[PDB]
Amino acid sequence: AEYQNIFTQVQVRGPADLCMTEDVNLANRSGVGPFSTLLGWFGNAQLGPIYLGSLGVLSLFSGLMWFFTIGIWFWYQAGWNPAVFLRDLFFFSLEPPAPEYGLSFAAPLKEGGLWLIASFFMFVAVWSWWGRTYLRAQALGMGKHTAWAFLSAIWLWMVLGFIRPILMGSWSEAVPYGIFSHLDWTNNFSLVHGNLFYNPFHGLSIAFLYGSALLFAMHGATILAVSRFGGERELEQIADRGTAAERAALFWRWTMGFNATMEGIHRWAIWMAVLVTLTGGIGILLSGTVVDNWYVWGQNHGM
């Protein structure tokens, strides 16, 4: 039938954008790699260049040290056997010290010391990366929204392995490094605390997560449906409203009685998504610090 604008029909190549001008320090820029036919059927096909500054080397090194530290430990539990390593990759686990060890670093390597060492490497990798998201935007003159939205994810992460364990008294409250075990930790956390469905900040966290799918499904379908008016060039539609922005808004006005602007829809979108981990981190932080049983706490105050 009609063209749907789901896969590009004809692909075009020119000289790659080196992205001169602005304040990006091209000393830390790589060359530009291959182009992908495969990628070009759905989005852009230009791979690279990447910006690798000092802050990105730091991130990437301690990032690998985190990964390799868990890897060694995983091999050690495999008894250095390659066949066992594969048979149990999803079952291995690097775990924090036992409850008796408190907030201490004296824990021996095989009894949680390694977990502290990996978590130091993680801690450095995520934070120096956060500095990258603020600096790359700074270099191009852009706004800081990406860094601030990143800060919402780092909040939940920080609460899980670091803020809540400290306020609890022991590293053993923190999350293990393993595929299935982190799942097991999640199910137990809800049991120990009397059914997280009854943590109202978990319910908010779910409304925003479902809503983020609702919102992104509406916004993607809506921009693809007015792409025939060049609707994906949204910044110009913000600079100079076209028929694309007007048809889009009128569809929603006519359907549910109100509507967005070409700029404003991205405010809805950044807040929908950000509030998933903002409310999530709060819910976790109060669990066991201030509320031990959410279902019981629910009865005493409303529902």
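Residues carry their position along the shown sequence, with the first being 1.
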{"query": "Stretch with the higher entry mean CA B-factor, where the candidates are 10-18 and 286-294", "finding": "10-18"}
{"query": "Higher-B stretch (mean Cα B-factor, as the entry records it), 75-83 or 212-220", "finding": "75-83"}
{"query": "Largest Cα B-factor, entry values, listed residues 155, 185, 130, 105", "finding": "105"}
{"query": "Given 201, 229, 189, 92, the residue at which the Cα B factor reaches its maximum", "finding": "92"}
{"query": "Chain-relative CA temperature factor third for residue 49", "finding": "highest"}
{"query": "Third of the chain's Cα B-factor distribution that residue 207 belongs to, per the entry", "finding": "lowest"}
{"query": "Third assignment of residue 273 from its chain's C-alpha B-factors", "finding": "lowest"}
{"query": "Cα B factor band for residue 148 (lowest, middle or highest third within the chain)", "finding": "highest"}
{"query": "Within-chain third of residue 238 by Cα B-factor, per the entry", "finding": "lowest"}
